[PDB]
Structure formats: structure tokens, C-alpha cells
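Trainee: Please read through the structure below; I'll follow up with questions.
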Amino acid sequence: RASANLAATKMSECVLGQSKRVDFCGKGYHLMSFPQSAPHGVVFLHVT
Amino acid sequence: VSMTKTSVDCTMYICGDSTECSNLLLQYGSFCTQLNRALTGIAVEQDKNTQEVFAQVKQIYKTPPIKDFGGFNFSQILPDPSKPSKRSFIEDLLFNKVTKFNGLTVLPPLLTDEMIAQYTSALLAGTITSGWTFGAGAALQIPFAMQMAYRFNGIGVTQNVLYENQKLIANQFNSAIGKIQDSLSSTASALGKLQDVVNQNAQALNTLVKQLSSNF
Amino acid sequence: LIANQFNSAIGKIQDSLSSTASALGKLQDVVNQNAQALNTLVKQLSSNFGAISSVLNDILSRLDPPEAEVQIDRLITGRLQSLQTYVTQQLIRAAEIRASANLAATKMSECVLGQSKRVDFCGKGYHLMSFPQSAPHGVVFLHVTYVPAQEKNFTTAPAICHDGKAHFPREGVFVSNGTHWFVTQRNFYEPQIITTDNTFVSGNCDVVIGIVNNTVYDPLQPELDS
Amino acid sequence: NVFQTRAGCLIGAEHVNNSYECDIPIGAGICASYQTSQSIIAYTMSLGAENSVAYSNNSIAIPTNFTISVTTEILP
Ligand SMILES: *[C@@H]1O[C@H](CO)[C@@H](O[C@@H]2O[C@H](CO)[C@@H](O[C@@H]3O[C@H](CO[C@H]4O[C@H](CO)[C@@H](O)[C@H](O)[C@@H]4O)[C@@H](O)[C@H](O)[C@@H]3O)[C@H](O)[C@H]2NC(C)=O)[C@H](O)[C@H]1NC(C)=O
Ligand SMILES: *[C@@H]1O[C@H](CO)[C@@H](O[C@@H]2O[C@H](CO)[C@@H](O[C@@H]3O[C@H](CO)[C@@H](O)[C@H](O)[C@@H]3O)[C@H](O)[C@H]2NC(C)=O)[C@H](O)[C@H]1NC(C)=O
Ligand SMILES: *[C@@H]1O[C@H](CO)[C@@H](O[C@@H]2O[C@H](CO)[C@@H](O[C@@H]3O[C@H](CO)[C@@H](O)[C@H](O)[C@@H]3O)[C@H](O)[C@H]2NC(C)=O)[C@H](O)[C@H]1NC(C)=O
Ligand SMILES: *[C@@H]1O[C@H](CO)[C@@H](O[C@@H]2O[C@H](CO)[C@@H](O)[C@H](O)[C@H]2NC(C)=O)[C@H](O)[C@H]1NC(C)=O
Ligand SMILES: *[C@@H]1O[C@H](CO)[C@@H](O[C@@H]2O[C@H](CO)[C@@H](O)[C@H](O)[C@H]2NC(C)=O)[C@H](O)[C@H]1NC(C)=O
Ligand SMILES: *[C@@H]1O[C@H](CO)[C@@H](O[C@@H]2O[C@H](CO)[C@@H](O)[C@H](O)[C@H]2NC(C)=O)[C@H](O)[C@H]1NC(C)=O
Ligand SMILES: *[C@@H]1O[C@H](CO)[C@@H](O[C@@H]2O[C@H](CO)[C@@H](O)[C@H](O)[C@H]2NC(C)=O)[C@H](O)[C@H]1NC(C)=O
């Protein structure tokens with residue numbers, strides 16, 4: 001559940017917007033992220 | 001995000017098909033009614049976990065038939081109509097990596113895998129065509145080439161850097177995505193965080209089954 | 001207009017709460033789970049666990065000690081295991097509440113005491129402010145957010161050639177209502193005449209993709225001519 | 001009145017071609033609800049309104065008006 005809550009946080013603040021949080025959305029200055037599904041999980045592609 | 005929605009029954013596990021054993025078990029009060037409640041509570045929130053992550057868009061957006069995104073190439077992450085389950089190319093790579101009679105059953109997830117892919121397409125389709133505007137209110141379209149100019153401002157780089165370097169930036173993005181496909185297609189350990197969850201639940205369940213062979 | 005919309009938005013909260021009981025489900029479930037867990041513990045006293053009776057005094061009142069000692073041991077083992085089950089359930093459940101309590105403390109700091117740029121952390125929309133309200137065993141936040149409402153289709157351009165040089169907006173985008181070019185903000189259509197004070201120059205016409213032709217009005221020219 | 005689903009055999013529910021939001025979850029994408037003489041129905045649940053965006057490389061939609069909304073977030 002803690003991971004599921006973390007995944008929901010990233011979806012909101014990384015896909016739907018743009019983060020100023022350091023290293024929260026990939027190492028570098030964050031531009032955008034794209035979600036991808038996986039078996040029992042989620043995969044984020046972070047563009048920095 | 002979630003794990004297997006298992007369900008276990010006492011009356012077939014402790015006293016599987018025996019009248020004498022079943023009558024004795026009733027002398028222990030409501031242990032199984034308490035246990036079957038605990039496992040149900042887990043199973044229900046496993047659907048909540050998926051619901052919170054993916055069901056964040058109320059409308060299913062979809063990209064236009066013309067893919068003129070200023071030079072950027074998303075064909076490796078947008079849906080693939082050639083599959084019966086409309087999953088992208090990279091998603092297909094991810095699914096190809098991650099892999100009884102004693103009252104032990106597995107319940108099916110409420111969101112089927114086809115529905116999960118449909119949510120990620122809407123989240124992805126919104127991002128390219130509307131920026132961050134679809135998150136707050138209604139999706140307001142904006143050219144992708146311009147969308148990056150205001151993503152660059154967000155990190156303190158003046159937007160003229162993007163436009164004067166638009167072909168260079170687009171080519172670097174396309175190659176960066178291509179490397180992801182090469183990474184996944186060869187390195188199995190990339191998905192270890194999800195394989196361990198599957199392995200832990202199967203390993204825990206097999207221990208439960210083996211316990212029936214003990215004399216105690 | 002803004003003040004009247006705020007006052008009506010607050011009024012709707014009262015109408016929502018006064019009729020929909022399910023609004024407080026997240027707090028009612030916590031109360032129900034603890035009462036339900038505690039009642040199970042009490043019911044366990046009625047079980048025999050293998051002894052001849054669920055009542056402890058009836059064993060003592062009917063058996064002399066060398067026999068009662070075995071019958072009592074069955075009740076102690078069963079009742080002691082019942083407490084361990086209850087306590088374990090509370091330790092896991094208490095950890096779940098703490099995570100919510102830590103989340104509630106985070107929102108209080110970053111939503112009431114300040115203003116968040118985190119998306120959907122403080123309500124859906126562009127966050128303005130939040131107001132805390134207490135509740136039984138919980139906290140209720142009223143999140144005030146800005147949501148864009150009505151939109152128009154404008155033609156746009158990334159830059160403008162005037163004298164061979166590319167002009168870019170300082171803040172906002174270039175838009176056209178079909179015939180004229182203006183510079184305007186992001187989240188509120190407010191056209192402005194393109195001047196030397198709205199834009200900055202970089203390079204020339206030949207490198208940016210999609211540049212258009214217009215004139216950037218220079219406010220200084222009429223002041224020196226007159 | 002027997003409807004075969006991927007989660008098991010559902011008896012007593014009237015299978016419907018339409019798609020709605022989930023009311024009582026069953027599994028595998030099937031939900032049931034009590035609505036129109038009235039009876040329990042089963043259907044494939046829907047994810048939301050289908051809505052394409054009018055994308056083009058020289059077209060922007062800019063809001064001209066706004067609304068102030070207040071939402072309620074409840075935490076234990
Ligand atoms: C941006 O959106 C706003 C609403 O989201 C717009 O404000 C609305 O503007 C219209 C037209 O000017 C008003 O409608 C008229 O209102 C008058 C008087 O209103 C009184 O009665 C209403 C109804 O009880 C009440 O809500 C008001 O507070 C007044 O007491 C009526 O006589 C007319 O028949 C007609 O209904 C709306 O009332 C007004 N809404 C609000 C909340 O103020 C605004 O015009 C939009 N701006 C732009 C540039 O488009
Ligand atoms: C796009 O915006 C421009 C800028 O406002 C519009 O041009 C303006 O159009 C109005 C309406 O025809 C003109 O108003 C007229 O002004 C004259 C005085 O010049 C007055 O005597 C008339 O009674 C009328 O009010 C306005 O002058 C004109 N501005 C300029 C600088 O020419 C244009 O019409 C808009 N186009 C669309 C499709 O909305
Ligand atoms: C914005 O305005 C500028 C200038 O008004 C336009 O540039 C002009 O483009 C035309 C044709 O593209 C040029 O004509 C060419 O002239 C050369 C000689 O210089 C001649 O050999 C060719 O056969 C042709 O006639 C014109 O010279 C050029 N003017 C300048 C000052 O560079 C520009 O095209 C406009 N923007 C758009 C998008 O049309
Ligand atoms: C985006 O990348 C894909 C992946 O390479 C491109 O698809 C290739 O297209 C060329 C010509 O159309 C073919 O020769 C390749 O075989 C394709 N590769 C694959 C894996 O299908 C696609 O063309 C790119 N986007 C654009 C607009 O060119
Ligand atoms: C925006 O995209 C459109 C896509 O049609 C571009 O229009 C085409 O542009 C090419 C060359 O750039 C021409 O050969 C075609 O004839 C155009 N098609 C039509 C229907 O006019 C348009 O150029 C793009 N915008 C910019 C600024 O390049
Ligand atoms: C609603 O769904 C039912 C199936 O659940 C459809 O009935 C089928 O119709 C096809 C014709 O395309 C037949 O080949 C099948 O044999 C029918 N099913 C059965 C069980 O006989 C029905 O046509 C659908 N109606 C609408 C309006 O969508
Ligand atoms: C902006 O323009 C687009 C296309 O010119 C509009 O989208 C069309 O809207 C009509 C009805 O409003 C639909 O019948 C079309 O199918 C839409 N086309 C596409 C490609 O989606 C859009 O509504 C306009 N925006 C506003 C705010 O009016």
C-alpha cells in the first residue's frame with residue numbers, strides 16, 4: 001500500500017504536472033514523465 | 001502497485017471434508033470467521049491500490065490520427081491497434097518478463113488488464129495534446145513544440161533555447177526512448193521489484209500447503 | 001465575482017454534509033473496525049476450546065483440583081491466543097492510522113500554512129488555500145482551488161519576425177483572433193499589443209520552426225518624434 | 001437467467017450490453033447494480049466519457065473565465 005500510495009503521488013505530480021522536487025522524478029531537472037502499465041505495478045519513463 | 005488477491009478457507013484446510021473434525025473446530029469460536037475477514041480486507045484494498053494510481057482521469061482522451069508532434073516520436077509508447085489487447089510496444093516487453101484443492105483460491109482483479117492499458121493511454125494521450133492543463137480542469141490543447149518551451153521555463157532555461165535547438169532535442173529524445181527498448185529486451189533483472197512480489201506470495205502460499213504433511 | 005463564487009461554494013458544503021451520510025465513511029470505518037474487533041474478543045469467552053465448560057467457575061465448582069487443572073489449561077491456552085490475535089491486529093491497524101496522521105500533518109503544513117505547487121495534493125485544480133476543520137478522530141480540509149472555465153480557439157505562433165530578428169514572449173503566449181497578433185497570459189485570455197516591453201530578441205528568422213510575420217510596436221518611437 | 005463471466009457463474013442477473021460505472025464489483029471488469037420491473041443487472045463497467053482533443057500544431061485553447069471551487073478532503 002505504501003508503494004501504491006507513492007505510485008499515486010508520482011502519477012499526480014510527475015505525469016499530470018511538473019516537479020521541482022529534486023530526484024523525485026528522475027535524476028536531473030524534470031521535464032515530463034509517461035506512465036506504462038506492468039503486471040502488478042506501474043513503470044514511469046522520466047524525461048530529464 | 002498491488003499483489004495477488006488470494007482467498008483461503010478453514011473448513012477445507014483445517015478439517016477438509018470431515019464431519020468429526022469440523023464439529024471439534026467449532027469449539028474454538030470464531031477464528032476462521034475472523035481469518036476470512038482479514039484476508040477479504042486485504043483483497044478489497046488491492047483493487048483500491050490500482051484505482052488510486054490509474055483512475056485519475058475522468059475522461060478517456062485519445063491522440064489525433066496525425067502524429068505531428070514537432071519531431072518527437074511516441075510510436076513506441078502509444079497504443080498498438082495490431083494487438084487484441086491494445087498495449088503499446090514497451091508495455092508488451094514488460095508483460096513478457098514478469099511471470100489448489102485445499103480451499104486455496106485466487107480471485108480475479110476487478111480492473112482487467114485491457115482496462116489498465118486504456119487508462120494509461122488516456123493519461124499519456126492527455127499529456128502530449130494538453131500539457132498539464134488536463135490535470136487541473138478541462139484539457140486545453142497546445143502544440144507539443146510549444147509545450148516544451150514552457151517545460152524549459154520551469155527549470156530556469158529560457159524558451160529560446162528549445163526553439164533554436166528543436167531538431168537536436170527531438171533527436172535526443174527519440175534515441176533515449178529507443179535505448180529503453182534495448183535495455184528491457186536483454187536485461188531480465190530490470191523488473192526485479194515486481195518479480196519479488198510475485199515470488200514472495202507464491203513462496204508463502206507453498207509453505208502453507210506443505211504444512212498439511214506435518215504430524216504436529 | 002470571485003467573492004460571491006467563494007461564498008456559494010462554502011454554502012454547498014453545508015448542503016452536501018446535511019444530506020449525504022456516506023461523506024464521512026473514512027472515519028466511520030475506523031470506529032466500526034475497532035468496535036467490531038473488540039466484540040470478537042468478548043465473544044471468545046463463550047468458547048469451550050475443548051474444556052467441558054466455557055465458564056471457569058463451573059469447572060472449579062464441579063471438579064477437584066487434580067482434574068480441574070487440565071480443564072483450565074485448555075481455557076488459558078485458548079484465551080491467551082485470542083489476546084495475541086487482537087493485539088497483533090491493533091498493531092497493524094495502528095500503523096495504518098499513523099501513516100494517515102503523518103499525511104494529515106503534511107497537508108496541514110503545506111496546504112493551510114502555505115500554498116502548494118504539488119498537483120492534486122491540495123484538491124483538483126490550481127491550489128489557493130485550505131481551511132482545517134475538526135472531526136471525531138480525524139481532520140477535514142476545505143480546499144479552495146482555481147479552475148479554468150471557458151475557452152476559445154486561437155491561432156498561435158512560437159515567435160515573431162519583425163526586422164529579421166525573432167521575438168519571443170516574456171510571459172505568456174502569442175495568439176491571433178484571425179487577423180491580428182497579440183501577446184496574452186497563460187490561464188486567462190487578456191490580449192495585449194506586442195511591444196518591445198512584452199518580448200525579447202534572440203537570433204534571426206532562419207532557425208525557429210513556425211515563426212510568423214508581424215510588427216512589434218515600439219513605444220519609444222512616437223515619444224522622440226513628437 | 002444465467003450469465004457466464006470470467007470470475008464465475010452469475011445466476012439471477014440480467015446481462016446488459018450497455019456500460020455504466022461500477023456499483024457492486026464482481027471481478028474481471030464486471031459490475032452489478034439494481035436498476036430498471038426492476039431487477040439486478042450485470043454489465044462491463046465503463047471507464048468514463050470518450051473525448052478526443054482537437055490537437056493541431058498552430059491552435060491553442062486559452063481559458064477566458066474561471067470558477068472557484070471548494071472540495072472536502074477527509075482524513076483519519
Ligand atoms: C464568468 O462566469 C461567471 C459565472 O460563472 C459570470 O457571472 C454571471 O454573469 C451572468 C450574466 O452577467 C449572471 O446572470 C445574470 O444575473 C442577473 C443578476 O444576478 C442575480 O441573480 C443571480 C441568480 O440568483 C444571483 O446568483 C446573482 O448573485 C444576482 O443576485 C440576472 O438578473 C440575470 O437574469 C442573469 O441570470 C450571473 O448571475 C453571474 N454569476 C455570478 C456568480 O455572478 C461572468 O459574467 C462570466 N464572465 C465572462 C467575462 O464571461
Ligand atoms: C481581432 O482583434 C482586433 C483588435 O481589436 C479587431 O480589430 C478591431 O475591430 C473592431 C471591430 O470592427 C474595430 O472597432 C471599430 O473601431 C472604429 C475606430 O477605428 C470605430 O469607429 C468603430 O465603431 C468600431 O468600434 C477596431 O477599430 C479594430 N481595431 C483595429 C486596430 O483595427 C478585429 O476585428 C478582431 N477580429 C476578430 C475576427 O474578432
Ligand atoms: C516575412 O517578410 C519577409 C520580408 O518581407 C519575407 O522575406 C522575403 O521572402 C521573399 C520570398 O520568400 C524574398 O523574395 C526573394 O528575393 C530574392 C532576392 O533577395 C529573390 O532572388 C527571390 O527570387 C525572391 O524573389 C524576399 O527577398 C524576402 N525579403 C527579405 C527582406 O528577406 C518573408 O518570407 C516573410 N515571411 C513569410 C513566412 O513569408
Ligand atoms: C518512430 O519510431 C518508429 C520505430 O523505429 C518508426 O517506425 C519505423 O518506420 C520506418 C519507416 O516508416 C521503418 O522502416 C521501420 O521498420 C519502423 N520501425 C519499427 C520498429 O516499426 C517510426 O517511423 C518513427 N516515427 C516516424 C514519424 O518516422
Ligand atoms: C503544421 O502542420 C501542418 C500539417 O499539415 C503543416 O502543413 C503542411 O506543411 C507542409 C510543409 O511544412 C506542406 O508541404 C503541406 O502542404 C502542409 N499541409 C497543408 C494542408 O497545408 C504546417 O506547415 C505545420 N506548421 C508549420 C508552422 O510548419
Ligand atoms: C447484445 O449482446 C448480445 C450478446 O450478449 C448480442 O446477441 C448476440 O448477437 C450476435 C449478432 O451479432 C449473435 O451472433 C449472437 O448469437 C447473439 N448472442 C446470443 C447469446 O445469442 C446482441 O446482439 C447485442 N445487442 C446489442 C444491441 O448490442
Ligand atoms: C476548436 O476547434 C475544434 C475543431 O475546429 C473543435 O472541435 C470540434 O468540435 C465540433 C463541435 O464542437 C465537433 O463536431 C468536432 O468533431 C470537433 N473536432 C475535433 C477534431 O475534435 C473545438 O470544439 C473548438 N474548441 C472550442 C472551444 O470551440
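Residues in the C-alpha cells are named by chain (A, B, ... in the order shown) and by number from 1 within that chain; ligands are numbered from 1 in the order shown.
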Neighbours of residue 138 (chain C) within 7 Å (only C-alpha atoms; same-chain residues fewer than 2 positions away dropped), as a PyMOL selection string?
Mentor: (chain C and resi 27+134-136+140) or (chain D and resi 75-76)
Trainee: Emit the selected residues as a PDB file, in the first residue's frame, including N, CA and C atoms.
Mentor:
```
ATOM      1  N   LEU C  27     -13.986   7.913   8.294  1.00  0.00           N
ATOM      2  CA  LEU C  27     -13.916   7.961   9.750  1.00  0.00           C
ATOM      3  C   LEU C  27     -14.861   6.977  10.415  1.00  0.00           C
ATOM      4  N   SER C 134     -12.144  20.274  12.415  1.00  0.00           N
ATOM      5  CA  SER C 134     -12.005  19.062  13.200  1.00  0.00           C
ATOM      6  C   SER C 134     -13.175  18.117  12.949  1.00  0.00           C
ATOM      7  N   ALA C 135     -12.955  16.852  13.277  1.00  0.00           N
ATOM      8  CA  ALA C 135     -13.981  15.824  13.185  1.00  0.00           C
ATOM      9  C   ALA C 135     -13.672  14.781  14.244  1.00  0.00           C
ATOM     10  N   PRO C 136     -14.622  13.888  14.542  1.00  0.00           N
ATOM     11  CA  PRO C 136     -14.327  12.832  15.520  1.00  0.00           C
ATOM     12  C   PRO C 136     -13.262  11.873  15.023  1.00  0.00           C
ATOM     13  N   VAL C 140     -10.792  17.410   8.669  1.00  0.00           N
ATOM     14  CA  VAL C 140     -11.444  17.697   7.397  1.00  0.00           C
ATOM     15  C   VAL C 140     -10.857  18.977   6.822  1.00  0.00           C
TER      16      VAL C 140
ATOM     17  N   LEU D  75      -9.579  12.952   6.366  1.00  0.00           N
ATOM     18  CA  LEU D  75      -8.530  12.017   6.762  1.00  0.00           C
ATOM     19  C   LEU D  75      -8.697  11.581   8.213  1.00  0.00           C
ATOM     20  N   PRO D  76      -8.605  10.286   8.506  1.00  0.00           N
ATOM     21  CA  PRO D  76      -8.473   9.853   9.900  1.00  0.00           C
ATOM     22  C   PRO D  76      -7.154  10.316  10.496  1.00  0.00           C
TER      23      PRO D  76
END
```
Trainee: Compute the set of protein, DNA and RNA residues whose minimum atom distance to ligand 3 is at most 9 Å, using only C-alpha atoms and all ligand atoms, and state it as a list in words.
Mentor: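 If we count only C-alpha atoms and all ligand atoms, the neighbours of ligand 3 turn out to be residues 161, 162, 163, 164, 205, 210, 211, 212, 213 and 214 of chain C.
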Trainee: Would you list the contacts of region 179-189 of chain B as a list in words, taking every protein, DNA or RNA residue within 8 Å and counting only C-alpha atoms, but skipping same-chain residues closer than 2 positions in sequence?
Mentor: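 With the cut-off at 8 Å, the set is residues 90, 93, 94, 97, 175, 176, 177, 191 and 192 of chain B.
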Trainee: Mind listing the residues within 7 Å of ligand 1, only C-alpha atoms and all ligand atoms counted, as a list in words?
Mentor: residues 1, 4 and 5 of chain C; 64, 65, 66 and 67 of chain D
Trainee: Can you list every residue of chain B that has an atom at most 12 Å from ligand 7, with its nearest atom pair and the distance in Å to one decimal, using only C-alpha atoms and all ligand atoms, ordered by chain then number, as CSV?
Mentor:
```
residue,atom,partner,partner_atom_place_in_ligand_line,distance
B:61,CA,ligand 7,21 (O),10.7
B:62,CA,ligand 7,21 (O),10.3
B:63,CA,ligand 7,20 (C),10.1
B:64,CA,ligand 7,20 (C),7.6
B:65,CA,ligand 7,20 (C),9.7
B:66,CA,ligand 7,20 (C),10.8
B:129,CA,ligand 7,21 (O),11.8
B:138,CA,ligand 7,27 (C),10.4
B:139,CA,ligand 7,27 (C),10.3
B:140,CA,ligand 7,27 (C),8.6
B:141,CA,ligand 7,1 (C),9.0
B:142,CA,ligand 7,1 (C),11.3
```
Trainee: Between CA of residue 122 (chain B) and CA of residue 54 (chain B), what is the distance, to one decimal in Å?
Mentor: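 Computed distance, CA of residue 122 (chain B) to CA of residue 54 (chain B), equals 9.7 Å.
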Trainee: Residues of chain B within 10 Å of chain D, counting only C-alpha atoms, what are they? List them as a PyMOL selection string.
Mentor: chain B and resi 44+47+55+57-70+107-116+118-119+122+125-126+128-130+138-146
Trainee: Convert the current residue selection to file output with C-alpha atoms, as a CSV table (one decimal), in the first residue's frame.
Mentor:
```csv
chain,number,residue,atom,x,y,z
B,44,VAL,CA,-10.6,-5.4,-1.3
B,47,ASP,CA,-8.5,-3.0,-6.1
B,55,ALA,CA,-8.2,6.1,-12.4
B,57,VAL,CA,-8.6,10.9,-15.4
B,58,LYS,CA,-12.4,11.1,-15.7
B,59,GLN,CA,-12.4,11.1,-19.5
B,60,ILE,CA,-10.6,8.8,-21.9
B,61,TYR,CA,-8.6,11.2,-24.2
B,62,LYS,CA,-7.0,9.9,-27.4
B,63,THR,CA,-4.5,11.3,-29.8
B,64,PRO,CA,-5.3,12.6,-33.2
B,65,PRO,CA,-4.7,10.4,-36.3
B,66,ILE,CA,-1.9,12.7,-37.4
B,67,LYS,CA,1.3,12.4,-35.3
B,68,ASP,CA,2.8,15.8,-36.0
B,69,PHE,CA,4.4,16.4,-32.5
B,70,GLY,CA,7.1,18.8,-33.6
B,107,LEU,CA,-9.7,-14.0,-7.0
B,108,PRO,CA,-9.5,-12.1,-10.3
B,109,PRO,CA,-8.7,-8.4,-10.2
B,110,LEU,CA,-11.6,-6.0,-10.7
B,111,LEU,CA,-9.7,-3.9,-13.3
B,112,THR,CA,-8.9,-6.2,-16.2
B,113,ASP,CA,-5.5,-5.7,-17.9
B,114,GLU,CA,-7.2,-4.3,-21.0
B,115,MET,CA,-8.8,-1.6,-18.8
B,116,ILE,CA,-5.4,-0.8,-17.2
B,118,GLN,CA,-6.8,2.1,-21.6
B,119,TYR,CA,-6.2,4.2,-18.5
B,122,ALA,CA,-5.7,8.3,-21.6
B,125,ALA,CA,-2.8,10.9,-24.7
B,126,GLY,CA,-3.7,13.8,-22.5
B,128,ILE,CA,1.0,15.2,-25.3
B,129,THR,CA,-2.0,17.1,-26.5
B,130,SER,CA,-2.9,19.2,-23.5
B,138,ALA,CA,-10.6,20.7,-18.9
B,139,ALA,CA,-7.9,19.7,-21.4
B,140,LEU,CA,-6.8,22.8,-23.4
B,141,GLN,CA,-4.8,21.8,-26.5
B,142,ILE,CA,-1.3,23.4,-27.2
B,143,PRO,CA,1.3,22.4,-29.8
B,144,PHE,CA,3.8,20.0,-28.4
B,145,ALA,CA,6.7,22.0,-29.6
B,146,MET,CA,5.4,25.0,-27.6
```
Trainee: Pick out the residues no farther than 8 Å from ligand 6, counting only C-alpha atoms and all ligand atoms, and list them as a PyMOL selection string.
Mentor: chain D and resi 15-18
Trainee: Just the selected residues (N, CA, C and O atoms), exported as a PDB file, in the first residue's frame, please.
Mentor:
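In the end it all went to result.pdb:
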```
ATOM      1  N   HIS D  15     -27.975  -9.823 -17.998  1.00  0.00           N
ATOM      2  CA  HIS D  15     -26.822  -9.273 -18.698  1.00  0.00           C
ATOM      3  C   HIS D  15     -27.254  -8.172 -19.656  1.00  0.00           C
ATOM      4  O   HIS D  15     -28.234  -8.314 -20.391  1.00  0.00           O
ATOM      5  N   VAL D  16     -26.511  -7.071 -19.648  1.00  0.00           N
ATOM      6  CA  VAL D  16     -26.860  -5.869 -20.392  1.00  0.00           C
ATOM      7  C   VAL D  16     -25.693  -5.491 -21.292  1.00  0.00           C
ATOM      8  O   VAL D  16     -24.529  -5.597 -20.892  1.00  0.00           O
ATOM      9  N   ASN D  17     -26.008  -5.060 -22.516  1.00  0.00           N
ATOM     10  CA  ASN D  17     -24.964  -4.647 -23.447  1.00  0.00           C
ATOM     11  C   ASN D  17     -24.344  -3.319 -23.046  1.00  0.00           C
ATOM     12  O   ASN D  17     -23.182  -3.055 -23.375  1.00  0.00           O
ATOM     13  N   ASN D  18     -25.098  -2.474 -22.351  1.00  0.00           N
ATOM     14  CA  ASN D  18     -24.635  -1.138 -22.030  1.00  0.00           C
ATOM     15  C   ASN D  18     -23.435  -1.197 -21.088  1.00  0.00           C
ATOM     16  O   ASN D  18     -23.051  -2.253 -20.580  1.00  0.00           O
TER      17      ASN D  18
END
```
